[PDB]
Protein chains: 4
Amino acid sequence: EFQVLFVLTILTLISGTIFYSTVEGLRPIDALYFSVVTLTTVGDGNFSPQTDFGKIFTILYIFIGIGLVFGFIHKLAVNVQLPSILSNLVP
Amino acid sequence: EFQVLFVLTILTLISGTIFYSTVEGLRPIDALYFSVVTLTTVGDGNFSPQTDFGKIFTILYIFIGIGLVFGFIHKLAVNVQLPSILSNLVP
Amino acid sequence: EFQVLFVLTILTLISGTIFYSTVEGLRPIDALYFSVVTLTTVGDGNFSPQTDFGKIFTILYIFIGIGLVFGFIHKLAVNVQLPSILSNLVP
Amino acid sequence: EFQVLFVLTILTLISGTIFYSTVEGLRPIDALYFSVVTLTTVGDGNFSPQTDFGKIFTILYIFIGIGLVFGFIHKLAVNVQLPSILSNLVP
Ligand SMILES: [Rb+]
Ligand SMILES: [Rb+]
Ligand SMILES: [Rb+]
Ligand SMILES: [Rb+]
Ligand SMILES: [Rb+]
Ligand SMILES: [Rb+]
């Protein structure tokens, strides 16, 4: 479950990285950063896509990627972080 | 369920698009972009409504639209994305 | 339930409105706008508190207000919007 | 439960505060503010990390810290705020 969600999240972020560096001209690391803060809904305080293609893609990217990203974060905190913490509280 | 949530989400976004392009003077695509990042809570890093009417509308728009938009995203990821993925993992 | 959550949400927003207009010098409508986009986690793309008092208050305001605001949004969409829609789909 | 989530949240915020003030050169209060609005997904409207190290750290920080922070907010609103309110509504 976690493995699949991890892979799916990675693929989604690679797509965003490729899109923004190509269409919006961002450096790859910046394209990845924007993709991550967008899908996790944190948002970026400085960059907004400047092209209409970028705006349309971002709208679709958000609707299709938010569920997955939070599905991964949700399982990562309950199936990987909770135990490593829960079992730790055991005297 | 998904169909109705889809339609409701679309209608909500059309209202925002019309409002912001009219009252805030945004190009339609920009009004749609702002409506989407606002209701999905990603937020925009460059635009904030400049008129008091725009600020009041945005406040009400957020409270009334967030639930719906996330209801659609939630069902889209579980009733349309989960299966298309779950059934795929079947050897 | 909805009534109490509504009142609590209103009181929380009034406190933020008073704080930001007083300490950060925002016009009341702007203080309310900032309080709303902050607690709903949409965030504002232009304003960040400029005083240390404002930054500390905002940190505490977020932790104490996010739960409530989303408790209100959650119930508003399920106990007031769902029915008005669910009952409507009835031929 | 609440105590542990509180401590874990505090430790996570201290790490962010140290990272951003050191690598991004922010004043400690600003580093804490950025860490908080980032992990609660509110986001900051003015600051984005400027170094590649800062961008990479922020990406990892978000994925590892969002679950916890919202686990704390969730329990704080249900196991500490709900009762103090629920018991109050009792005539
Ligand atoms: Rb958010
Ligand atoms: Rb934001
Ligand atoms: Rb700016
Ligand atoms: Rb945000
Ligand atoms: Rb900005
Ligand atoms: Rb922002």
# chains A, B, ... in the order shown; residues from 1 in each chain; ligands from 1
call {"tool": "closest_atom_pairs", "arguments": {"of": "chain B", "to": "ligand 4", "cutoff": "7 Å", "atoms": "only C-alpha atoms and all ligand atoms", "output": "tab-separated table"}}
result
residue	atom	partner	partner_atom_place_in_ligand_line	distance
B:41	CA	ligand 4	1 (Rb)	5.2
B:42	CA	ligand 4	1 (Rb)	4.1
B:43	CA	ligand 4	1 (Rb)	4.8
call {"tool": "closest_atom_pairs", "arguments": {"of": "chain B", "to": "ligand 5", "cutoff": "12 Å", "atoms": "only C-alpha atoms and all ligand atoms", "output": "CSV"}}
result
residue,atom,partner,partner_atom_place_in_ligand_line,distance
B:43,CA,ligand 5,1 (Rb),10.5
B:44,CA,ligand 5,1 (Rb),8.0
B:45,CA,ligand 5,1 (Rb),4.5
B:46,CA,ligand 5,1 (Rb),4.6
B:47,CA,ligand 5,1 (Rb),7.6
B:48,CA,ligand 5,1 (Rb),9.2
call {"tool": "write_last_selection", "arguments": {"atoms": "N, CA and C atoms", "output": "PDB file, in the first residue's frame"}}
result
ATOM      1  N   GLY B  43      -4.269  28.300  -2.661  1.00  0.00           N
ATOM      2  CA  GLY B  43      -4.065  29.736  -2.601  1.00  0.00           C
ATOM      3  C   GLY B  43      -3.185  30.270  -3.722  1.00  0.00           C
ATOM      4  N   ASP B  44      -3.331  31.549  -4.059  1.00  0.00           N
ATOM      5  CA  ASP B  44      -2.468  32.121  -5.078  1.00  0.00           C
ATOM      6  C   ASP B  44      -1.405  32.981  -4.433  1.00  0.00           C
ATOM      7  N   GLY B  45      -0.189  32.872  -4.944  1.00  0.00           N
ATOM      8  CA  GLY B  45       0.899  33.632  -4.382  1.00  0.00           C
ATOM      9  C   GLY B  45       1.024  35.054  -4.881  1.00  0.00           C
ATOM     10  N   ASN B  46       0.207  35.474  -5.837  1.00  0.00           N
ATOM     11  CA  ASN B  46       0.354  36.833  -6.346  1.00  0.00           C
ATOM     12  C   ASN B  46      -0.885  37.700  -6.237  1.00  0.00           C
ATOM     13  N   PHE B  47      -2.045  37.096  -6.425  1.00  0.00           N
ATOM     14  CA  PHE B  47      -3.285  37.867  -6.394  1.00  0.00           C
ATOM     15  C   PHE B  47      -4.107  37.739  -5.126  1.00  0.00           C
ATOM     16  N   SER B  48      -4.588  38.889  -4.656  1.00  0.00           N
ATOM     17  CA  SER B  48      -5.495  39.008  -3.522  1.00  0.00           C
ATOM     18  C   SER B  48      -6.549  39.971  -4.077  1.00  0.00           C
TER      19      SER B  48
END
call {"tool": "residues_around", "arguments": {"residues": "residue 10 in chain C", "least_positions_apart": "6", "cutoff": "12 Å", "atoms": "only C-alpha atoms", "output": "PyMOL selection string"}}
result
chain C and resi 3-4+16-17+32+35-36+39+65+68-69+72
call {"tool": "closest_residue", "arguments": {"among": "B:6, B:38, B:31, B:23", "to": "ligand 2", "atoms": "only C-alpha atoms and all ligand atoms"}}
result
B:38
call {"tool": "select_by_dssp", "arguments": {"residues": "chain C", "states": "alpha helix (DSSP H)", "output": "ChimeraX atom specification"}}
result
/C:2-23,28-39,52-76,82-86
call {"tool": "closest_residue", "arguments": {"among": "B:91, B:67, B:78, B:37", "to": "ligand 2", "atoms": "only C-alpha atoms and all ligand atoms"}}
result
B:37
call {"tool": "closest_residue", "arguments": {"among": "A:5, A:34, A:64, A:54", "to": "ligand 6", "atoms": "only C-alpha atoms and all ligand atoms"}}
result
A:34
call {"tool": "atom_distance", "arguments": {"atom1": "CA of residue 61 in chain C", "atom2": "CA of residue 73 in chain D"}}
result
11.8 Å
call {"tool": "closest_residue", "arguments": {"among": "D:9, D:21, D:15, D:40", "to": "ligand 1", "atoms": "only C-alpha atoms and all ligand atoms"}}
result
D:40
